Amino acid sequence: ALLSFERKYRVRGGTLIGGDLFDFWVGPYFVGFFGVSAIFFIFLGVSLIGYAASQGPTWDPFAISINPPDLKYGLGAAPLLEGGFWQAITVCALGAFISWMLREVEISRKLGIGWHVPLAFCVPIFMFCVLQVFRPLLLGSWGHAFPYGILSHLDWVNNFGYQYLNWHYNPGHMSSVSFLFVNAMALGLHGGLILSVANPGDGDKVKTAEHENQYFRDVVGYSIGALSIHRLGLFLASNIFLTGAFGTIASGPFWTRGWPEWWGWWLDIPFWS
């Protein structure tokens, strides 16, 4: 029920708020106040989804979709089945995400390690807020947010892109896509490298830190280093959303023509026109 070595680390403390109250475990799960609020929201949120969906026409998981309100309704509270559920779902979402996060902080203080993980986790929360809270506020309606449906959310992505004619030309999208790609690659190299060194094959000797470093110098002429590739991978993944946010946020509030036309700033410099 406990790992071979878990026992020793299981001491009280590190709570953010709450203290000894919820400072305990259930199974492998640590609880804590935020563990108590995480559950609360989830519970509400999943029940909201169940009820809302129970009032729609389909149960096919793929086709079910819970949608935000019509623009008409502005930033105000909307009829239940016409956006209301969506609103309340959104709040639970954030409720859960944020508890999740804080929970991770207490888990970290207890263990005596850095806060980098919850910290890192803020990046995806922030993006959820950009799409669902900030952009619509900027545009003036909750009806510009995305719908909760396995496939139907892709339909929002799609049309959203197409509203700007060719989304691919959105400069924050280019930067976004570009981190998405580097990071996916770095992950493969980082993991292949590690495993290549500890699993040479046959019965050859496990290699060393030195070998990791000759490998890449040899290859690309440069090696970042063991700790630094963790710092970099943390940076590339994050920038996927940090940079993207800009692209998203400009679309509508800061820009209304087609993205390609944005590049006129280059193309149209008078010198070379």
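All residue numbers are counted from 1 along the displayed sequence.
Participant: 173 to 181 versus 120 to 128: which one carries the higher mean Cα B factor per the record?
Facilitator: According to the entry, 173 to 181 carries the higher average C-alpha B-factor.
Participant: Which is higher in the entry, the mean Cα B factor of 15 to 23 or that of 251 to 259?
Facilitator: Stretch with the higher mean C-alpha B-factor: 15 to 23.
Participant: Choose from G233, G56, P68, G244 the residue with the greatest Cα B-factor as stated in the PDB record.
Facilitator: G56 has the highest C-alpha B-factor of those listed.
Participant: For the listed residues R135, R103, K110, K72, which one has the largest C-alpha B-factor as given in the deposited model?
Facilitator: When the deposited C-alpha B-factors of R135, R103, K110, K72 are compared, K110 is largest.
Participant: Quick check on the deposited entry: does the C-alpha B-factor of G161 sit in the lowest, middle or highest third of its chain?
Facilitator: It falls in the middle third of the chain.
Participant: Would you mind checking where the Cα B-factor of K207 ranks among the modelled residues of its chain, as the lowest, middle or highest third?
Facilitator: Middle third - that is where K207 ends up once the chain's C-alpha B-factors are sorted.
Participant: Tell me, lowest, middle or highest third: where does the Cα B factor of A38 rank within its chain?
Facilitator: Middle third, going by the recorded CA B-factors of the chain.
Participant: By the record's CA B-factor, is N239 among the lowest, middle or highest third of residues in the chain?
Facilitator: Lowest third, going by the recorded CA B-factors of the chain.
Participant: Sorting the chain's CA B-factors, does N199 end up in the lowest, middle or highest third?
Facilitator: It falls in the top third of the chain.
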